[PDB]
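Tertiary structure, described
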Amino acid sequence: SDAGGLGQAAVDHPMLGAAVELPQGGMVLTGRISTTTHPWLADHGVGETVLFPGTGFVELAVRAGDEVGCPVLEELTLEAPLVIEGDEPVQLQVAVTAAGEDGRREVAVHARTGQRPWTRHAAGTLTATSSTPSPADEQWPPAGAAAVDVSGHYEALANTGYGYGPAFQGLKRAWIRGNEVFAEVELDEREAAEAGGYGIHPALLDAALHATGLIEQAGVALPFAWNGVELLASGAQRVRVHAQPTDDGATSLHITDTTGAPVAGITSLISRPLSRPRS
Amino acid sequence: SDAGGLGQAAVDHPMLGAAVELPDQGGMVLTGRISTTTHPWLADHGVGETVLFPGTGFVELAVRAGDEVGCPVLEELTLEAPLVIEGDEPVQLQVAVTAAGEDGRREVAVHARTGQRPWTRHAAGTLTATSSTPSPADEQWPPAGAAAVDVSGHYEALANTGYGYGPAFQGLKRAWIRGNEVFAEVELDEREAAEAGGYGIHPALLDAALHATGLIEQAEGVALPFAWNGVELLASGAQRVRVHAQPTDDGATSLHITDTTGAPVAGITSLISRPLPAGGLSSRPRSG
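Per the PDB record, the structure was determined using X-ray crystallography to 2.01 Å resolution.

Right, dumping it as structure tokens:
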């Protein structure tokens, strides 16, 4: 009704607030973030530089898909980092094309501050074509997986270069079985309190990625290309994570809640680092 | 602001409240909403018992979107589909503006819908930044040689012809005729005068500026604005205006609008009206 009073459709999301139907046209969803209204934002980055997490673009792209009946995120490549400076407000736009005749829509995420030019930070494809989801869990912790000591894992990433403040220090337990890694990940109470409003809170899905850096440790490397991403259940505060390599050279991830019920499936996640590297 | 909290830009206008820049190489869309409850003058323009959004409202919408992209001049606008206002149901408005070409010209379109109906395009045209060199403010008012006209029965005549002009749209107060030219003074009712400052030009004021042109032709039948060319708004928020209408060689009318001190307000190079088919938008009258 805020949005409705402007002639648009209200969106009830912590980061997106209005939907603008274009008349073939497609659709645009808009929103505004900052470290005042999303304090967890200040806890993710590279050194002193803050970066909107890759998992936030996944959350945004899936939520736009929900609005057009295309919840499956078939593909998503991340292009430019979204540097957030201080408590500057950041305008967000998620642009969704009309459906092609193959059913697929293109999705894009743009952002800017002030009147500086918009920059495209994410681009991919949305569909309603769904893959059959991975079965639910049973035995936890999984049989034959050895418990790993992550007691000081966030310090190993603190001097490697990663910038994970308290909201993104989610990894609590991990195990290794062969090339598989298992993990328990949970939000702090502050982000836990907001979690119910998201598809999957961006800080929780990011921290679900942290245990993959246990099997093979490569400097700083961040999610880059996602493939076959489906959110299965919403509002999670704590999750279990099952990560495996693909023979495509990437990582599969199957996310469940504390009862083993599916939360999220990621068919493949490629990550990449980055003149001169850091140390 | 409201629009700011949604990640958009606010627009301060009575009918449009938000500007959404479309990054990519697309342009802009401005959005708003209207209803007889928030815009009571809507109820006072139509044909028969059918409330119709005034074509001048589309001129106002298109020009306001032009200002938002630094393209203030309405080079051309064609009205495509009438917009019926059904009771007090709200109407969603969208004004789409393209990226400028190499010419510096932008395409503009106005869409509307109520409830969950599909959008309908009501107006399409072209904005430019090119301004016309202004027309002379030469003032004896009224001009020499102009003969006063009794307009006391004018709106009663227009009613009998078929026009539906309620109180907010009965702004024609005085008129003079010289050759095939008409001069008019037009004033908003107090209710519309109070909100006129926020408009580029109140749609009810611009529409009544068109009422004096029928005094020469005395056309049988109802006709509504259809095509506009060279619409420049030179001064915003007028309540009372002077009007100078004359034909062009197109079968069209030009109009130059000044304020009550003779200063420029708006210029319309060409306006074409089109006859309304009996039985099109309201029922036909009953034969006698």
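Residues and elements named next belong to chain A. Sheet topology places strand β11 (residues 146-148) next to strand β13 (residues 171-177); three bridges connect them, and they run antiparallel. Within β13, the residue paired with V148 across the bridge is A174. Here β13 folds back onto strand β14 (residues 180-186), and the loop between the two strands holds two residues, one of which, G178, carries a positive phi near 60°.

Every contact between the two is made by 22 residues of chain A and, on the other side, 22 residues of chain B. At the surface where chain A touches chain B, the tally comes to two salt bridges. One salt bridge in this structure joins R112(A) and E21(B), with 3.6 Å as the shortest N-O distance. Taken together, the residues of the side of chain A that touches chain B sort by class into eight nonpolar, 10 polar and four charged.

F53(B), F58(B), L61(B), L77(B), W228(B) and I257(B) are the most contacted members of the largest nonpolar core, which has 75 residues in total. Among the elements that line this core, the one with the most residues is helix α2 (residues 55-68) of chain B, at six residues. Listed in part, the 71 residues of the second largest apolar core include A183(A), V185(A), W226(A) and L269(A).

All names here are of chain A. If you walk across this open sheet you meet the four strands as β7-β5-β4-β12, and the pairing is antiparallel. Strands with a single pairing partner mark the edges of an open sheet, and in this sheet they are β7 (83-84) and β12 (162-164). As defined by bridge partners, strand β4 (residues 44-46) adjoins β12 across three bridges and the pair is classed as antiparallel. Note that in β12 the partner of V46 across the bridge is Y162.

Residue and element names in this part refer to chain B. In space, the three strands of this open sheet follow the order β5-β4-β11, with antiparallel pairing throughout. Each end of this open sheet is capped by a strand with a single partner; those strands are β5 (50-51) and β11 (163-165). In this sheet, β11 lies alongside strand β4 (residues 45-47) in antiparallel orientation, the contact comprising three bridges. Paired with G46 across the strands is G164, a residue of β11.

Where empty space is left can be seen by rolling a probe of water-molecule size over the atoms. Residues and elements named next belong to chain B. Approximately 790 Å³ is the volume attributed to the second largest pocket. Taken together, 29 residues line the second largest pocket, and the ones lying closest to its centre are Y163, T213, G214, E217 and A219. Contributions of two or more residues to the lining of the second largest pocket are made by α3 (154-161), β11, α6 (214-217), β14 (223-233) and β17 (264-275). Classifying every residue of the lining of the second largest pocket by side-chain character gives 15 nonpolar, 11 polar and three charged.

All names here are of chain B. This model, assessed by the stated rule, comprises 20 salt bridges over all chains. When the shortest N-O distance is used, the salt bridge between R64 and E68 registers 2.5 Å. Taken together, the residues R64 and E68, both in helix α2 and four residues apart, mark about one turn of the helix. Under the relative-accessibility criterion, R64 is labelled buried at 15%. The salt bridge involving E75 is made with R105; its shortest N-O contact spans 2.6 Å. Taken together, the residues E75 in strand β6 (residues 73-79) and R105 in the loop between β7 (91-97) and β8 (106-113) connect sequence positions 30 residues apart. Since its relative accessible area comes to 27%, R105 is described here as partly exposed.

All names here are of chain A. Here the UniProt-annotated "active site" (unreviewed entry) positions come out as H44 and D206. The annotated residues occupy 163 residues of the chain but converge on a single region, no pair of C-alpha atoms lying more than 9.4 Å apart. Tracing the backbone through its elements, the reader meets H44 in strand β4. Judged by relative accessible area, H44 falls into the buried class, the value being 4%. Beyond its immediate sequence surroundings of up to four residues, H44 is in contact with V50, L51, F52, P53, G163, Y164, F168, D206 and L222. Here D206 is in contact with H44, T55, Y164 and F168, once residues within four sequence places are set aside.

Definitions and limits used
Residues numbered from 1 in each chain as written, not as in the entry; some residues may be left out. Chains lettered and ligands numbered in written order. Heavy atoms only, no water. Pairing = 2+ DSSP bridges. Helix = DSSP H or I, 4+ residues; strand = E, 2+ residues; numbered from the N terminus. Contact = heavy atoms within 4.5 Å. Salt bridge = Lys/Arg side-chain N within 4 Å of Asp/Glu carboxyl O. Nonpolar A, V, L, I, M, F, W, Y, C, P; charged D, E, K, R; others polar. Core = buried A, V, L, I, M, F, W, Y, C linked by side-chain atoms within 4.5 Å. Buried < 20%, exposed > 50% of the residue type's maximum accessible area, 1.4 Å probe, protein only. 1 Å grid on protein atoms, 1.4 Å probe; cavity = no way out; pocket = protein on both sides within 12 Å on 5 of 7 lines; lining within 4 Å. Points joined across faces, edges and corners; volume = space filled by probe spheres on them. UniProt positions renumbered as here; feature names shortened; annotations may be inferred.

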